[PDB]
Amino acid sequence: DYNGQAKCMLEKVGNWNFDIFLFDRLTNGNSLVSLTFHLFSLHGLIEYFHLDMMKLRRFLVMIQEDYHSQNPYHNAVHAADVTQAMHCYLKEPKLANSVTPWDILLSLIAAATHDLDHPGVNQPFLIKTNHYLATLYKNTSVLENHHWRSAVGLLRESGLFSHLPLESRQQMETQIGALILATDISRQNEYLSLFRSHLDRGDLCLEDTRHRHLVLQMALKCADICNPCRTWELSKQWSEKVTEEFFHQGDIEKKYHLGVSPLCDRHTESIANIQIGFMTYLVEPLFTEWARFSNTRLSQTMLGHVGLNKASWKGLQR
């Protein structure tokens, strides 16, 4: 049954209401490997790039296993969710009609690896505790640079692309980095303003790689914060997990006199209030610009869920 139903759910991997939680329970925690493998084969990538399936499984397992499963939110199930969303966005017509197999490959790798080896605490925390990552990356997109360099390390170690030219391997590394770095939420204003100006001007040319990669970066940013655009029953699980992780960082800050970060204080802060502010100020602006770019049923469905989920959180107030 368990392998039966898993295989079965993957028939609906293009669906916005895909249930990654059930999927991960069904696979005893193998959701990122098993979904991503399926997508490589669905998008034809194993053939297009002459991939060794043994090396691909090894690669995917190294990724999945380098997530910290004890993180309430930043674990391989979140990676798998982001990868599944990225897949839905790659199916939108303006992307499906311009992306090459190389773009699809880099998008799905970047989605799978984008929070790799995440410690479960944020950049301000690592900076104020003098963590070696904050030094190494000079206080700038500390976590994203760490996920990216960790991804590069796994790419090199797996040999998966060893039969491609060195210059293609290097280019793969660099374009994945630009995708992962776009997920630094502290810089969403720079990405969103540039994207919005391109949409005002109407100047995007998707047959140009640079414009297409700007859009893929915005797609990955959507994938990363699309939790509130899911159905209530998914979004509520994501909200409890993210809050659980923030609040744990809060307890450490409190216990050790570090200063409690915004959003991490379980005594003065609420799950509903945290979601509401986030939806108003980060989610709705990004998804409104996304819907201008890709003005489709999926974009409407996603914005409908934000409005409904936001009303549910208000409802659970007074």
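When you see a residue number, it is the position in the sequence shown, counting from 1.
Of the two stretches examined, 212 to 220 and 133 to 141, the record assigns the greater average C-alpha temperature factor to 133 to 141. Between the stretches 304 to 312 and 5 to 13, it is 5 to 13 that shows the larger average CA temperature factor. Take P101, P119, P72, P93 and read off each C-alpha B-factor from the entry; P93 has the highest.
In this structure the maximum Cα B-factor among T231, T174, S107, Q84 is found at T231. In the deposited entry, the Cα temperature factor of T268 sits in the top third of values across the chain's modelled residues. Residue-level temperature factors show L192 in the middle third of its chain, judged at the C-alpha atom.
The PDB entry assigns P165 a C-alpha temperature factor belonging to the middle third of its chain's modelled residues. Looking at the C-alpha B-factors along this chain, the one for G250 belongs to the middle third.
For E207, the recorded CA temperature factor ranks within the middle third of the chain's modelled residues.
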